[PDB]
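Let me begin by presenting the structure, written as structure tokens, before commenting on it.
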Amino acid sequence: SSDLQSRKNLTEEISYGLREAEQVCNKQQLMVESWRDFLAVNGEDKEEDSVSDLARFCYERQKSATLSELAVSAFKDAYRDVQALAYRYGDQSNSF
Amino acid sequence: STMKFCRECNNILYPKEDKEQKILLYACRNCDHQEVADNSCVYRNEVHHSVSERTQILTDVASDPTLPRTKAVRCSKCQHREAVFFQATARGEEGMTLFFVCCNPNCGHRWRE
Amino acid sequence: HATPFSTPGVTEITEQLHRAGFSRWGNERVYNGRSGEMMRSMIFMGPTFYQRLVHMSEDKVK
Amino acid sequence: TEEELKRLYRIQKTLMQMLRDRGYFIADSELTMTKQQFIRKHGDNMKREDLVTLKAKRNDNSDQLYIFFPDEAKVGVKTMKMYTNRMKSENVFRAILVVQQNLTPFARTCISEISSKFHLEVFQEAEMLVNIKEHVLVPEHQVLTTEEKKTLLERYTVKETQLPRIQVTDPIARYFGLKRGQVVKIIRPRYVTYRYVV
Amino acid sequence: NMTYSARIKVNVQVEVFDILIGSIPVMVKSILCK
Amino acid sequence: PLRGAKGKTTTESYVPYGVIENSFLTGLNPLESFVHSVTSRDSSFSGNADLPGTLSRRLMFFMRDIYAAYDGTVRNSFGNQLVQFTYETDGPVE
Amino acid sequence: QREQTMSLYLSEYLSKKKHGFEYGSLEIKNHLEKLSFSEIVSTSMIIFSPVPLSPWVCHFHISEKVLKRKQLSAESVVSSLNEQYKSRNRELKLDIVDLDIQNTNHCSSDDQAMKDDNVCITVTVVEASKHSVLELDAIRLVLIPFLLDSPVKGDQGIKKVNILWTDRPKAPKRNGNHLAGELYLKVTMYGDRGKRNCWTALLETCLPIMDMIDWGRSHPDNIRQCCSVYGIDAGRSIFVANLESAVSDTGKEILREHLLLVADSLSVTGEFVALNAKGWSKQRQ
Amino acid sequence: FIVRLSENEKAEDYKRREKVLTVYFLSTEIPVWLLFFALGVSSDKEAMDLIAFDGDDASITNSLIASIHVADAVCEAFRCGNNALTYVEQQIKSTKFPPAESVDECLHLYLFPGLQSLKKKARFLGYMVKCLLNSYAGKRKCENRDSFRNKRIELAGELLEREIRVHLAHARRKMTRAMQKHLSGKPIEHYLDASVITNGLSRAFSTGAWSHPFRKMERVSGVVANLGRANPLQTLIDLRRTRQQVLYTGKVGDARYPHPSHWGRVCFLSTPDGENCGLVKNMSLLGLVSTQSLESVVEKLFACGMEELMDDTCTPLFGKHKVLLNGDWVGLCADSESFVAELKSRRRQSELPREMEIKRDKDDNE
DNA sequence: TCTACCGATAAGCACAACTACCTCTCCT
RNA sequence: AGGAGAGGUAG
DNA sequence: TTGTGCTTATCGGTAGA
Ligand SMILES: [Zn+2]
Ligand SMILES: [Zn+2]
Ligand SMILES: [Zn+2]
């Protein structure tokens, strides 16, 4: 970072990117046969239940292996963009 | 899978059928006591698949399969080829109709066939 | 103090080094000893703590 | 019943395709016969008897192969003895037997004992559902004659044992009706190779 | 190059109708150490 | 989930999954350091080191006898067995 | 190997219909997937109702929603149960002659009425003028596990079928290579009994749908037993493809001639021998 | 004392092979219900109340019914009289190496020595069966060998103790052999050999082969090591180490990975790399090992409000939490929170041993 | 109607569980 | 002079 | 302890004389 303000902006951007990646992983976890009624284009009143249950998604991911593979794949796909920020916040004289 | 204790000696009862009585009866071998049965129910078990206890977490039993993904279809809002397709019924329609869900993390669009 | 779970912030270290009269990033301008010309890029210098291991050269000669 | 009819239709089509590939002068009408035409020519019931036929080689009319379909599964020594007596009476040296279930060990020993006089080939009905030759993984197989085998051995100055080997139990060898001591030509999608049947 | 141990003494009585048993090595700065 | 189980039937096994927001420059949290140590403990094991050596030895014992002949064919040292009639290289020097 | 992974490719005539490949793959998955009877039934109970009929009739209650999701009917599952009872009939080594199953929308069961849209399946045991089946333990321990293990759909051999997408298949198509990325199905079958080949049982199960599965490119994923089905050359080609895939996954670059020489050296005697001492001894013998 | 749940294979036909509860006590294979009714229980309902499953599961009920049927078939009229005691006595006498004591005395000392009453041990057995059933149903988690909650470490008080015991036993054998050889045909100092134990200890300390905790033969290795004098740090870290013995070096399990139980006890960030990766764990700076307390804690527990265990098996517990001291059911408490708070307050006033763990869990209700 | 080898399952019984090097400490 | 038990280095 | 090959040993088995 050039100064402290740039460092704070980078920290906020990293936090928001991690939050977005976690949201993407949570969305990708729904691609199973159990949520076929919810993924269909119809009227479901349980839309808020899938969002408010934030602490259950991690527990469900840690128990299943296919869910874990899907989650890590989605996390890598969403974290490539986060890694791409180094060329924006990095100077040309950076040794790394 | 049901069990009860006769009020006489407080011991387990085994079900039996009598051709002459033509009714369900319970009598234990400890004492010569016979009592009438209730609801004519001798077995009632809820069917569950909890056979491999403490083993489904280590080995992936694949209880909930993942939905297939295709790349031939093309999304409308975005130009992404990867999408999830599955079959489900409608709100009031009959039969199975094909659905599609976009796999783009930034699109979030779903459409029917 | 350099407590592993109570490390001071990077800003504090930079301020401490700046108050000493040196660059806040730990790099100082150096000059080549062979030609005398000034190098274009500053070189980071610092008195780190090193150790000498028991493995020697003559102990491995066979 | 109709499922058995279409199963037998597929078996007959695959058998005719294999015979045409082996060069036994199979008519184009039998090769291009549709399912509806086969059913119409079948009648009410086949009884596993109308499939029995005799075919002769295209190059030589003396050589002929007779296809036998047993009436019931799990054939015994008596059925094999009747079949070989019929072959001796009809003066045929090759025959193809398509059975529903695996043969009796006594029947297998009887077949192996009389293999020197006449050559008998057994095929399961499940193996003839899909044509092995008509596949993208299987390359082109060409059977070399005695003169071509001698020319191949003389060109590279090698013996018959110093060649890549292929077992008789392989599906390709039984499809082409290859005996022990015959070489084949394989073209891969070009470099070619030869396999020795052992 | 000897063993730093201590002897064990316990009385044994025989009946009809302090002896030495063994030496245990002593850890340094133990309950019994100079 | 770190305290054995979350009580949602009692689980017995888990597949760890954690995201660390901090970096090495800022300073790792003790729980983050524990997570990193658990993740990186696999690379410090001595297992699976024998597999490449055993596989290489067993493949060498098979492919040692293969050599090219003066006639252009590929032959094995045992009995001059013909492995390949012609080398399948895509050029450029034979 | 017990998994015996298979590989089935779709035919070329399904592309004419709009979204034909997806519908065909879903139909094949629905037809060739094992669905146990226990996965559909929710509450199984035995009720004392009193060739003559025997007491201790069994009750199986199934919700209509489960049948709607699985696209099944009570008549269909009853017919499947009867067909599978008459197909093997090797178990149930007791005084049993016939087993008739009746379907009723509403049963005279006053024990519980929590579900109103659940259809009841009645199974009645028949005894040949004997009371050898009059006990409850025998039926509860033999017949109940037998019906729950009976699959209402698919075959007992097929374990699971998943739909996958690929761009570089092991068996390329002759023409039409412009199609970048096809859709195929991967089938896993049980290896409990080694008497019959898995491919042999798979060919018999796909008889009604022989036209849908493109048998010109379908091949087992295994290497050892593929030579017994399609010949040594097909096994060699699949082995070369798998070796190239493994090399690509390893990250290194290896020329083609090395892999071809390995394949030709490991299949010189007409069979793929193992890397152990027994394989080398057999190859030399 | 082992209670095993497995399919019955004795006097069982092909139709009946359901899971039953068996007891492996002194290698006798006694049915659980016979042992229940032998320990002062005369009713099936009382035995079921002792096993307070407090759940609705078909498998558990089927297993209990199968065990009852197996007990009924094994011994006829076992409920009436004392036929169960005779059956268990016969089973004990059927062993290859039966105890010298009778049946009336074997159940007091060889079966749950902590509980003096013959009916309290029946309640302890019922509690054990309840725990087993809860674990089988999935409500209770099973113990793991990687966690430090279920593991103990011994440095010198127990490692040298077993060596001293075995050397003393060998010396006693030699002494009695010499006495028998000399009596038929001397000071007491010549009878006892003073070199056997010293030579054995010297061999154990030199070769490093220590006696196996559970086997007479197959001496373990890696117990005694040499110090490093390259620098004081090496000799400081060599003294503070923890070793775990595994059957094979190629595979161990999950012990090679850190555990949340390592927080503040052993160092999870530093471990040797190689064959013993994770097996050798360095202790933390603030790490102490507890020692046995000579004071009696049972007398001080009743003063805080603990109520003694009920002797009669007919009286059930309503909401009284179980109090276990070193695996022994010492009594009951009305409220667990106030009880543990009072215990902690007493401990903080130097009225209790400073090395004592107080565990309160509402899931197990104990 | 009484014998032959013949299919799948239990139970021992084997080999194998990486190279290239360096020290010390204990026997025999 | 020869063997067994530990620790250590490099890929 | 495992992980696979490998050789005894027993359960039934259907077919032919
Ligand atoms: Zn009674
Ligand atoms: Zn889109
Ligand atoms: Zn009903």
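No lab work stands behind these numbers, since they all come straight from the coordinates. A quick note on method: Cβ atoms are made from the backbone with ideal geometry, for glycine too, and the neighbour counts reach across all protein chains shown.
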* Structure fact -> Dipole check, the range H:1-66, charges on Cβ (K,R +1; D,E -1), about Cα centroid: among H:28, H:1, H:38 the Cα furthest to the positive pole belongs to H:28
* Binning at 10 Å from 0, report for the range B:1-55 what percent of all alpha-carbon pair distances ends up in each bin. => 20, 41, 20, 15, 3
* **Most mobile listed residue (C:24, C:40, C:52) in chain C, GNM with C-alpha springs under 10 Å** => C:52
* DSSP beta bridge pairing in the range D:1-130, given as percent antiparallel to the nearest 5 -> 30
* Rg(Cα)/(2.2 N^0.38 Å) for chain F, N = residue count -> 2.21
* Structure fact -> Of the residues D:187, D:156, D:137, the Cα lying farthest along the dipole of the range D:131-198 towards its positive end, which is defined by charges on the beta carbon of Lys, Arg, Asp and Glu, belongs to D:156
* Under 18 Å Cα to Cα from residue H:130, which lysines show up? Leave out anything in the same chain fewer than 8 places away. => H:19, H:45, H:119, H:120, H:121, H:139, H:141, H:320, H:322, H:362
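Would you mind classifying the range H:132-245 by shape? Square roots of the alpha carbon gyration tensor eigenvalues, ordered a ≥ b ≥ c; an a/c under 1.5 is rounded, otherwise it is prolate if a/b is larger than b/c and oblate if not.
oblate
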* To do: Mind sorting E:8, H:188 by how few other Cβ atoms lie within 10 Å of their own Cβ, fewest first?
  => H:188, E:8
* **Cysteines without a disulfide-compatible partner [chain G; Cβ-Cβ under 4.7 Å]** => G:58, G:198, G:206, G:226, G:227
* Asked: If we restrict to alpha carbons, what Rg and Dmax does chain B come to, in Å?
  -> 28.7, 82
* May I ask which residue of D:102, A:58, H:88 lies farthest towards the positive end of the charge dipole of the protein assembly as shown, with charges of +1 (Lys, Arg) and -1 (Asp, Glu) on Cβ and the Cα centre as origin? => D:102
* To do: At q = 0.10 Å⁻¹, what is the base-10 log of I(q)/I(0) for the range D:1-130 according to the Debye formula with one equal point scatterer per Cα and no solvent? Please give it to two decimals.
  => -0.33
* Roughly how compact is the range H:17-140, stated as its Cα Rg over 2.2 N^0.38 Å to two decimals? -> 1.05
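Order B:38-51, H:25-38, G:59-72 from most to least packed using the mean count of other Cβ atoms within 10 Å.
For the peptides B:38-51, H:25-38, G:59-72, the packing ranking is H:25-38, G:59-72, B:38-51.
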* Sort G:192, H:363 so the one with the fewest other Cβ atoms within 10 Å of its own Cβ comes first. => G:192, H:363
* To do: Under 15 Å Cα to Cα from residue D:74, which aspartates and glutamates show up? Leave out anything in the same chain fewer than 8 places away.
  => D:125
* To do: Enter the mean number of other protein chain beta carbons within 10 Å of the beta carbon of each residue in G:212-223, as an integer.
  => 2
* In bins 10 Å wide, starting from 0, what share of all Cα pairs of chain G does each bin hold, as a percent? -> 5, 21, 24, 19, 14, 11, 5, 1
* Asked: Which values of log₁₀ I(q)/I(0), to two decimal places, follow from the Debye formula for the range D:131-198 at q = 0.12, 0.16, 0.26 Å⁻¹ with a uniform point scatterer at every Cα?
  -> -0.30, -0.54, -1.30
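With both partners inside the protein assembly as shown, how many of the DSSP beta bridges are antiparallel, as a percent to the nearest 5?
Roughly 90 percent of the beta bridges in the protein assembly as shown run antiparallel, per DSSP.
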* Rg/Rg_globular for the protein assembly as shown, with Rg_globular taken as 2.2 N^0.38 Å and Rg from C-alpha atoms -> 1.21
* When you take every Cα atom in chain A, what is the radius of gyration, and what is Dmax, the widest Cα pair distance, in Å? -> 17.7, 56
* Straight-line reach from residue A:46: which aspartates and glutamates have Cα under 13 Å away, leaving out those fewer than 8 places along the same chain? -> A:37
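Quickly estimate the mean residue ellipticity at 222 nm for chain H, helices only: each DSSP H run with n ≥ 4 gives -39500 (n - 2.57), and the total goes over all residues, rounded to 500.
-11500 deg cm²/dmol
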* To do: Please compute the Cα-Cα pair-distance distribution of chain H with 10 Å bins starting at 0, giving whole percents from short to long.
  => 4, 16, 22, 24, 21, 11, 2, 0
* Ranking of D:16, E:2, F:60 by count of other Cβ atoms within 10 Å, fewest first -> E:2, F:60, D:16
* Asked: Which value results for Rg/Rh of the range H:1-81 when Rg is the Cα radius of gyration and Rh the Kirkwood radius based on the inverse mean 1/r?
  -> 0.94
* Structure fact -> Taking the alpha-carbon centre of each part, the distance from the range G:65-113 to the range A:52-76 in Å is 39
* Placing +1 at every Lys and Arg Cβ and -1 at every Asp and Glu Cβ, with all other atoms neutral, what dipole size does the protein assembly as shown have around its Cα centre, in debye to the nearest 20? -> 4660
* Asked: Can you pull the semi-axes for chain C, root of five times each eigenvalue of the Cα gyration tensor, sorted largest first, whole Å?
  -> 31, 25, 7
* To do: List, in the order given, every pair from E:9/H:186; B:71/F:8; H:216/H:251 whose Cα-Cα distance in the structure shown is over 30 Å.
  => B:71/F:8
* Using distinct alpha-carbon pairs, which all enter the 1/r mean, Kirkwood radius of the range G:70-140 in Å -> 14.4
